[PDB]
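One structure is given here, and the rest of the page talks about it.
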Amino acid sequence: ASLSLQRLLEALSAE
Amino acid sequence: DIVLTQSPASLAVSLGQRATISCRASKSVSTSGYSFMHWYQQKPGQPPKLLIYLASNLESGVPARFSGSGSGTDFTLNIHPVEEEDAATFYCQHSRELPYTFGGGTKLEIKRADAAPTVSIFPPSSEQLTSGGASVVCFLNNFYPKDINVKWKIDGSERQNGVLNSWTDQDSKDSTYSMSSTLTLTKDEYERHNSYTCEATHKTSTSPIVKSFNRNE
Amino acid sequence: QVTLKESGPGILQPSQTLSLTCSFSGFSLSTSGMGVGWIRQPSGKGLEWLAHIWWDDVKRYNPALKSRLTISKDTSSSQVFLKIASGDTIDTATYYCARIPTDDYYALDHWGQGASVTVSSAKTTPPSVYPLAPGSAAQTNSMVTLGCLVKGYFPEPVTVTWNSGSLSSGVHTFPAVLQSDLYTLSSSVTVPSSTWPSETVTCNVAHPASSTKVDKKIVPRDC
């Protein structure tokens, strides 16, 4: 539902 | 992990003038139209307050004397003109990637006219003497600048043991500092000498400010 | 409307589990974009992002202590819970909860007033407050300074007022300092000299950690 760049960048960098 | 380095660590600016604070990031915190940098003002005894989001967006309710600039690795917050209530610590924060980190912070001293301390001395309470303690307190109030020297003397001689000092954060209204010097010892040890004097030397002082309690009255 | 308030132990036993609660109103953690996060600040040190939870229950943790972190939300009661296992001295700090208002950027727009967490083997000790009056052999005056000496207590915080908050201006509450394993704190108030003792000057000293509130009326020494 309109995924933001912020939460994407977060997901990509998450552990 | 992105490390944010703030420059300078401390900054002293006069009312109406310009405070500039750098934040350098070990990696670019900017990509694809977004600069993921944020600025907070933390006043003593309060949580941080958001001033700027995404580098240059003035958070609603915050005056435009706070401007944010920068892109990639090098970011800049300007307080211009500075005011009395800017006697705070300022942090940058990135949300580029996990882990999210803040800079070590930048404390802004508001420069004001020199002020001499008001020195007030107090003898141990009746209540404290009952428990067998003896604390002679010395308040040095509403002085500027920060730097102050307190020399204690128990009947002519300076005592290095049992002296605890404490500075206030810069008052965000009058821009002065304050300081308590407490001289703590045993009630028996207190009841050897009778002359207690509290010497205060400040930049403004041409001679010290001496404050004494005659135990004899 | 938008308020967040932290509640937590105050003092903790090394190796015991630190448990923090963030109650909030003015917004709902099921609103799209909304999130709540925990930041902690040690004494005189900087800020550190611990964890956060988004409106859709996506959680993130600081890798450095991811071993020890657990976060959750009760959207119904408008509360967020953080637990930090194997609590140790260096976890001694002010723990803030703050809101993330949108999906679009992770900044923290509203913060709670903080929740001072100490973790130490030391015993929860209440303060002895002593009144500070000039003493018989005084001076000309014009203005007069009184004070309260808050001594031999643990842990922080102590909260000092005068006349139950009525007497706010011309006050200086000095930061606490730790001689042995007991905090010593002083506070000054400066009154027009004419007003004391004709008008009563009372210092109020609450130490929630020890469940203690002490009123101390400042009265001339006489003798």
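A quick note on method: Cβ atoms are made from the backbone with ideal geometry, for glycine too, and the neighbour counts reach across all protein chains shown. FYI, it's all coordinate maths here, none of it is from the lab.
Quick look at the numbers
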{"quantity": "Local net charge near residue B:167, Cβ-Cβ under 13 Å (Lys/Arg +1, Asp/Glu -1)", "calculated": "-2"}
{"quantity": "Principal axis box of the protein assembly as shown, alpha-carbon based, largest edge first, Å", "calculated": "80, 48, 39"}
{"quantity": "Helix-only [θ]222 nm of the protein assembly as shown, DSSP H runs n ≥ 4, -39500 (n - 2.57) each, per residue, nearest 500", "calculated": "-1000 deg cm²/dmol"}
{"quantity": "Number of partner chain Cβ atoms within 10 Å, mean per residue of C:106-115", "calculated": "6"}
{"quantity": "Extension gain from residue B:187 to residue B:112, taking 0.36 nm per residue of separation minus the Cα-Cα distance", "calculated": "22.8 nm"}
{"quantity": "Relative pair counts by distance (%), Cα atoms of chain C, 10 Å bins", "calculated": "7, 27, 26, 20, 13, 6, 1"}
{"quantity": "Residue mean of other protein chain beta carbons inside 10 Å, B:88-96", "calculated": "3"}
{"quantity": "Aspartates and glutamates with Cα under 19 Å of residue B:146, excluding same-chain neighbours fewer than 8 positions away", "calculated": "B:83, B:84, B:85, B:86, B:109, B:114, B:169, B:171, B:174, B:199"}
{"quantity": "For region C:89-176, fraction of C-alpha pairs farther apart than 17 Å, in %", "calculated": "69"}
{"quantity": "Under the Karplus curve 6.51 cos²θ - 1.76 cosθ + 1.60, θ = phi - 60°, whole-Hz ³J(HN,Hα) for region C:82-97, x wherever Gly or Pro sits", "calculated": "10, 10, 10, 5, 6, x, 9, 3, 5, 7, 5, 5, 7, 9, 9, 10"}
{"quantity": "Part-to-part distance (alpha-carbon centres) for region C:71-106 and region B:67-82, which is given in Å", "calculated": "29"}
{"quantity": "Loop-located trypsin sites (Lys or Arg not before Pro) in region C:1-89 whose Cβ has at most 13 other Cβ within 10 Å (DSSP)", "calculated": "C:45"}
{"quantity": "Shape of chain B, Cα gyration tensor, a/c cut at 1.5", "calculated": "prolate"}
{"quantity": "Amide N proximity, region B:94-137 versus residue B:84 label position 7 Å along Cα-to-Cβ, cut-off under 17 Å", "calculated": "B:109-116"}
{"quantity": "Volume of the Cα convex hull of region C:3-119, divided per residue and given in Å³", "calculated": "96"}
{"quantity": "Estimated FRET transfer efficiency (residue C:7, residue C:140; beta-carbon r; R0 35 Å; 0.05)", "calculated": "0.10"}
{"quantity": "Per-pair calculated FRET efficiency, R0 = 35 Å: residue B:57 and residue C:215 via Cβ, rounded to 0.05", "calculated": "0.15"}
{"quantity": "Residue (of B:214, B:67, C:115) at the positive-pole extreme of the protein assembly as shown, dipole from beta-carbon charges", "calculated": "B:214"}
{"quantity": "For the protein assembly as shown, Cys with no neighbouring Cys Cβ under 4.7 Å", "calculated": "C:223"}
{"quantity": "Size of electric dipole in region C:3-119: Cβ of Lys, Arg +1 and of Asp, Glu -1, about Cα centre, debye, nearest 20", "calculated": "240"}
{"quantity": "Residue-count net charge about residue B:209 - beta-carbon cut-off 15 Å; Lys, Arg +1, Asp, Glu -1", "calculated": "+1"}
{"quantity": "By average C-beta atoms within 10 angstrom, highest first, the peptides B:127-136, B:188-197", "calculated": "B:127-136, B:188-197"}
{"quantity": "Student exercise, region C:128-218 dipole from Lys, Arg, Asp, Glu Cβ charges, in Debye to nearest 20", "calculated": "100"}
{"quantity": "Label point distance in nm, residue B:71-residue A:14, each placed 7 Å from Cα along Cα→Cβ", "calculated": "3.1"}
{"quantity": "Selection from C:210, C:148, C:136, by position along the positive dipole direction of region C:119-223 (Cβ)", "calculated": "C:210"}
{"quantity": "Residue-averaged beta-carbon neighbours from other chains (10 angstrom radius) around B:108-114", "calculated": "0"}
